[PDB]
Amino acid sequence: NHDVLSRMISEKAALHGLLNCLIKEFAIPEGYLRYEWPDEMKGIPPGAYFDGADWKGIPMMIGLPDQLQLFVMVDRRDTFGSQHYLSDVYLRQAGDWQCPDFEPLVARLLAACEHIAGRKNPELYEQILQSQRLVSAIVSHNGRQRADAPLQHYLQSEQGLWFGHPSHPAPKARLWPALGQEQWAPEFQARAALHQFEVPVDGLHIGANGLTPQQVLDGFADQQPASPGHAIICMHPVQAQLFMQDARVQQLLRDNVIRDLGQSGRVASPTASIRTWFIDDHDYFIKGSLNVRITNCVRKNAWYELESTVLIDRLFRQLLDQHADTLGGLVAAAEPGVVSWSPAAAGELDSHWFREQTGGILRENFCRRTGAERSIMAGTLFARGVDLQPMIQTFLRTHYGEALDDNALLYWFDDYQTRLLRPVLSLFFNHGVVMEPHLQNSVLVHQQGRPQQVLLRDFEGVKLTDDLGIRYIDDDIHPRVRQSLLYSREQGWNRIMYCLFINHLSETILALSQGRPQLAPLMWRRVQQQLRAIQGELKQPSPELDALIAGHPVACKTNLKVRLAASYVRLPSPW
Ligand SMILES: Nc1ncnc2c1ncn2[C@@H]1O[C@H](COP(=O)(O)OP(=O)(O)OP(=O)(O)O)[C@@H](O)[C@H]1O
Ligand SMILES: [Mg+2]
C-alpha cells in the first residue's frame, strides 16, 4: 500500500517531467499545441476532465506529426510550457483515447519525438525507466516524513530534490559501475568517508585564493597521516575505485609512490550534484571529479577548469571587494581552493588524466555565514514533496503563522525575484560575468521564511563575454583556459535567458501559484516591471533587455531534443 502508492507517485512525477520536455521543446515551438477539446472524447472518462462543477482547468491537446495526439487537462495557458497537469495523460492514434500504463506511454511518446527529430535513442528509453524506478525507491524510502521536511535544513534541501530537474526526460538516471544507487544518493541521506591517498608533494598542482596551499590541502583532508614530503588528497569513493582500476595507478601503488589509504577521509554527505560533498560545521564543500554519467554528463574536472576555477574566484573577490555598487546585491559562494595531482615525471597526457581524476575544488560552505536552518537550495525550494504538492506552501504557512493569501504570495515572490534578477543582470551587463543561475546553482537565504539573499554558486559554468568580461583575464593566461572561459555576448545572453526565466523563475511562479493560476500573469508582469527597474540601474547599455521587456521569444535549453539530434529553442515571452 505504501509501495503501490510510491510507484504511482513516481510514475506521475516522471511523466510530468517528460510532458514538460515535450511541450517546452516540441509542442510550443513547432506549433503542435492547442488549448482545445478533441472532436471525439470516446475513451476519456468524465472524471478526467470534469470535477462535478466545471472543467478541470483547460484542455491541452498536442497533435504530433505521426498522428499521435495527446490530451491532458492543465491549470493555465503558459508560453513557457509551465503548468500543473490536472488529469492523467490520454493518447490516441488512427481513434479512441487510452490511458496506457507508464512504460507503454513513455515508449509511444518517445517514439513520437523520435519521429519528429528523425533519430532514435534506445539508451534514452532505458534511462527514462531507470530514472522513474529510482524515484519510486526514493518515495518509498522518504514518503513517510512530513512533506516540507526538505525545506527545514540546508542538507535536507540538497537531499530532498526527490524528482530532480523538473523538465528532464530522466533526471535521476545515473550509471554507476556494476555499486548500487543508495550509498551515493543524496535522496537516501548518503554519507561516506572520502577515499584518500598519500601522494608525494612534488606532483601537486594547487590553486589558492586567500589561503595557503597547506590550508587548501587541509580543507580537503586532515594531513596528519601524511609522511614528510607527502600529502593527503581525497576523492569520491566510487572515483577512487575507478581510479585504482587503471594499471598506471596500480603501478604507483605497487612501487609505493602513492598509497591507498581507505575510506579514511572526512565523513561527508553528497549534494544534489552527486560529486559535491557537504560536511556539517566545516568551512568547505568538497567538489571532486566523478567519471560517471550523471544525467548524461560525466562529471570530470578537466585540468583547464581547475585552472579557471581559481581565476573566477579571484575575479568574484575583486568585483565584490571593489565594484559592489554595480553587482546588484550579489551574494556568491567562493571557490577559493583547488588541488590536483600527477606524477612529477609524467608526460602531458598522463599528467592531464591524473589531475582530471584527482581534481578537487573547495567551495565555501555558506552555512557558516548563513545558518543551515536558513539556507534552502532553490531547486527543492520550488519542487514537489513526497505527496506531490509544492513544499513552499506549507513551508511559508508555518513561518508566517497562517496560510498565505494572494497578496502575501505576491509580496514573497517580489522579495525573491529581485534578489535573483539584480545580481545576474548586473554582472552580465555591467561586467560580462555570465552566471548560470539555474535552480540548483541558487540557494535561498531566508529569515523566518522571508527572502534575504539568493546565494549563487558554481564557477565551472561561469563565462566571460568576448566584448567586455574577457578583459578581466590576463593576456598571459593559457589559451586553453581562455577558450574555456570565453563566451560570445549572444551565447551568454541565451544561457542567461534560459536559466533565469524558464529554468528558474517559471518554476518559482508555478509552485507559488499552485491552486491559484491567476497569480501567474500578475507575477510575470512584476518580472517585466523589475527588468525595467534594473535597466535604469545599469552602467552599460543593454539592448537585450529592451528586447525581453518588449516581448521577443525567450531562449530555452533542451533536455530531450538534444538527446535525440537542437540544444536551444525559443518560447514566447509570458508578457
Ligand atoms: N532545475 C535544475 N536545473 C539544472 N540542473 C538541475 C535542476 N535540478 C536538478 N539539477 C541537477 O543538478 C546537477 C547540476 O549540474 P552542474 O553541472 O551544474 O553541477 P556540478 O557543477 O556538477 O556540481 P556543483 O553544482 O556542485 O558545482 C545536474 O545533475 C542536474 O541534472
Ligand atoms: Mg551546479
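In terms of determination method and resolution, the entry is listed under X-ray crystallography at 2.20 Å.

Draft legend 1. Quick peek at the overall build of the chain. Secondary structure summary: the chain contains 19 helices and 23 strands in total. Principal-axis analysis of the C-alpha atoms places the extent of the chain at approximately 80 × 55 × 50 Å. Sorting the 575 residues of the chain into buried and exposed places 59% on the buried side. Entry remark: accessible area of the chain is about 23,100 Å², with carbon and sulfur atoms responsible for 47%. A gap of 2 Å separates the mean positions of the 55 positive and 63 negative side-chain charges of the chain.

Draft legend 2. Structural context of the UniProt feature "binding site: AMP" (unreviewed entry) in the chain. In the numbering adopted here, UniProt assigns the feature "binding site: AMP" (unreviewed entry) to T295, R299, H438 and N503. Tracing the chain through its elements places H438 in the loop between β17 (433-434) and β18 (442-447). With sequence-adjacent residues up to four places away left out, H438 is seen in contact with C499, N503 and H504. Checked against the element boundaries, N503 lands in helix α16 (residues 489-512). In contact with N503, not counting residues within four places along its chain, are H165, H438, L439 and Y498.

Draft legend 3. Broad picture of the sheet that holds strand β16 (residues 375-377). Overall, antiparallel pairing links the three strands, which are arranged β16-β18-β19 in an open sheet. At either margin of the open sheet sits one strand with a lone partner, and together these are β16 and β19 (450-456). Neighbour-to-neighbour, the strand axes of the sheet open up by a mean angle of 30°, direction not taken into account. Relative to β19, β18 is paired through six bridges, and the arrangement is antiparallel. Across the sheet, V443 pairs through a bridge with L455, a residue of β19.

Draft legend 4. View of the site of ligand 1. Taken together, 18 residues sit near ligand 1, with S273, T276, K287, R299 and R363 positioned nearest. Here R299 contributes a side-chain N or O atom positioned 2.8 Å from an oxygen atom of ligand 1. Residue composition of the shell around ligand 1, grouped by class: three nonpolar, nine polar and six charged.

Draft legend 5. Summary view of helix α17 (residues 519-535). Here α17 spans 25 Å end to end across 17 residues, near enough to the 24 Å set by a 1.5 Å rise per residue. Of the positions making up α17, those classed as buried are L519, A520, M523, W524, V527, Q528, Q530, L531 and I534. On the buried face of α17, the contacting elements are α14 (406-431), α16 and α18 (543-550).

About the cut-offs
Residues numbered from 1 in each chain as written, not as in the entry; some residues may be left out. Chains lettered and ligands numbered in written order. Heavy atoms only, no water. Helix = DSSP H or I, 4+ residues; strand = E, 2+ residues; numbered from the N terminus. Buried < 20%, exposed > 50% of the residue type's maximum accessible area, 1.4 Å probe, protein only. Areas by Shrake-Rupley, 256 points an atom, 1.4 Å probe, with all protein chains shown as cover. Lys, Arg positive; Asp, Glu negative; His and termini not counted. Charge placed at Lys NZ, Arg CZ, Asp CG, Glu CD. UniProt positions renumbered as here; feature names shortened; annotations may be inferred. Contact = heavy atoms within 4.5 Å. Pairing = 2+ DSSP bridges. Axes fitted to C-alpha atoms, helices over the stretch in contact; angles between N-to-C directions. Near = heavy atom within 4 Å. Polar contact = N/O pair within 3.5 Å; in protein donor to acceptor, adjacent residues only side chain to side chain. Nonpolar A, V, L, I, M, F, W, Y, C, P; charged D, E, K, R; others polar. Expected span 1.5 Å × (residues − 1).

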